[PDB]
Structure formats: C-alpha cells, structure tokens
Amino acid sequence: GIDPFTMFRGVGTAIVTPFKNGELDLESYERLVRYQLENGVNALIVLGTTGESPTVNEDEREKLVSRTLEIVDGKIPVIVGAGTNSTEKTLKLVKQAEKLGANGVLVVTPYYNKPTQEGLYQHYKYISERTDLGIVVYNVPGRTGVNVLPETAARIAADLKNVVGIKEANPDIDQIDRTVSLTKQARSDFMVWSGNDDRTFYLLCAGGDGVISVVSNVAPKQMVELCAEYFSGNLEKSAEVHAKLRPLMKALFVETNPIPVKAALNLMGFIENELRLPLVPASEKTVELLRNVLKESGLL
C-alpha cells in the first residue's frame, strides 16, 4: 500500500522539537506549527535531524506526532523521521508512526555502519514490504558516512512502489543532477526534494520538486515564494528570492543544525533556546550573526 498525500511539491518544513525544563514544549510547538500552516508550507517533517530525533524518547515521539496530526488536521501531509542504522529497529519506528496515523516516513540511509549499495537497497526493500506509508529516502553523506548512488536511488524508485521520493542532501551538483535525472527516468512521478536550503534553486533547475527545509522554520513564506516563483515560470524572481535569503541560509549552518535555528527561533520569541546533549546552545557570535541577518531580512 501507499499514502499519495505524501507526494507534495514545494516546501516541507523540518520542524524543530521545542524543549522546556527538559521536557517537550508543546505549547511553543503548536505556535510553530500554526506559523508554518499560515505561511503556505506544503508538508511538515517531524523528528528529522532538525527535530533532534536522536534525543527524543519513544513516549515523546508519540506525543509529538499525535499533537502534530491534531493541529494539522489533514491540511498537509505529516511525514515522520523514523530511521536508524538497524533495519530491524527502523521497521519498528516506521510501524509506530503508521499506527499513529502519519502520512509518511523520512528514512535516513543507515549512519555510522556504512552499508554497501546493495545493503541500502535491501534496507529500504525490507521496510517497503512491511508498511503502507509513503517512504522518503534521506541521503546526507556529510552526517552518515554513506552516499546513495543515483543509480541505487533509481533502482529503489523502480522497484519499491512505496518509496515516493528522496530528500537529497548531498550538496554536490553532479549528484543532484543525476539523482533527479535517473530516478525520474525510472519512475516519472518519483519526487526529489532538496535537503539543502541553499541548493533548492538549482535542484528546481535540475527538474526537482522542492525542499525539505530548515530555513522555513523562521522564514516559511519566503522559502514558499522561492519555490512558487520557480513553478510559475518566473525564474528571475525565484533567483532574487534565493539571493535575498542567502545570508540567512548560511547563518543557520555556522554551527551544526539545529543549534543556530533554535537560537533564531528563540530570538523571534517562539521557543526556549534549549537543546539536548550532545547539542548545546549557540555561541554568542552565532546569536549576534542571526540577530543581524534576521533584522536585515525583516524577521526581527
């Protein structure tokens, strides 16, 4: 089976997970979700890297996913980060998300253990055969130590009907170009979304479908506009939007994400600037950089 509502185009926000006094801060979370919804965002990715999946426990995951679904109420698909480096454990998280009523799962290539390409394929196949959710492959070699080859992504697209697309966070334009080209040749409706905000414009140019975004946490309307202008055939306006957002795109990565984005959302009054070890709050220099860029972007 499969859930086609996961086949979104445009911006899917990899939303942070707000904490306060060491627990989930769902009141702040709800404000953030509504901020996304009110600003034209087309999907919500919960418990991705940006949402600190490594440090959110099982009971917290269920609470956060359920609350998200309640707020969203079917307006846009809700896609849940649910991948580890164990194929068995990954299936368990996928099934928990399915049980909760999620539309889809975002499933990272196993990190740290560096599986072969055939291993990656078998990993997704095992999951694909045991769920009715739409599955999004998540490639981010900088974090995981492994890169899904475009040919491997294409084989997945052809064989695993459950897998609806891929979040491509390898910043190499050769990879972006070939991932878009090969997967869509294998299956014409396979989606390819940028996993890098600053690659979005070029991934659209390559023939892709949008972005699963960090920037949209703080600037959803602008990221939406970037994509919307492109799809409208207004390449020049899309590029101008991309240009305008550049300072913010870079500033959100001067330290490991989500450290800067949480500092920025705290500056804007949405959340407490609290993360879980081994992550720690942004440096004073990062915070000063964000303050200036946000003010210059009219967000503060």
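For every residue, the number given is its place in the sequence shown, counted from 1.
Compare the mean C-alpha B-factor of 95 to 103 with that of 143 to 151 as given in the PDB entry, and name the stretch with the higher value. Taking the mean B-factor of the alpha carbons in each, 95 to 103 is higher.
State which stretch shows the higher mean Cα B factor in the entry: 72 to 80 or 114 to 122. It is 72 to 80 that shows the higher mean C-alpha B-factor.
Among 56, 268, 275, 41, which carries the highest Cα B-factor? The record points to 268.
Tell me, please, which of 37, 45, 251, 259 has the highest C-alpha B factor according to the deposited entry? Among 37, 45, 251, 259, the highest C-alpha B-factor in the entry belongs to 37.
Lowest, middle or highest third: which one holds residue 27 when the chain's residues are ordered by CA B-factor from the entry? Highest third - that is where residue 27 ends up once the chain's C-alpha B-factors are sorted.
Where the record places residue 198 (Cα B-factor, split into thirds across the chain): Middle third - that is where residue 198 ends up once the chain's C-alpha B-factors are sorted.
Please rank the C-alpha B-factors of the chain's modelled residues and tell me whether residue 167 sits in the lowest, middle or highest third. Within its chain, residue 167 is a lowest-third residue by C-alpha B-factor, going by the deposited values.
Lowest, middle or highest third: where is residue 183 by Cα B-factor in its chain? CA B-factor rank for residue 183: lowest third.
Going by the entry, which third of its chain does the Cα temperature factor of residue 219 land in? For residue 219, the deposited C-alpha B-factor lands in the middle third.
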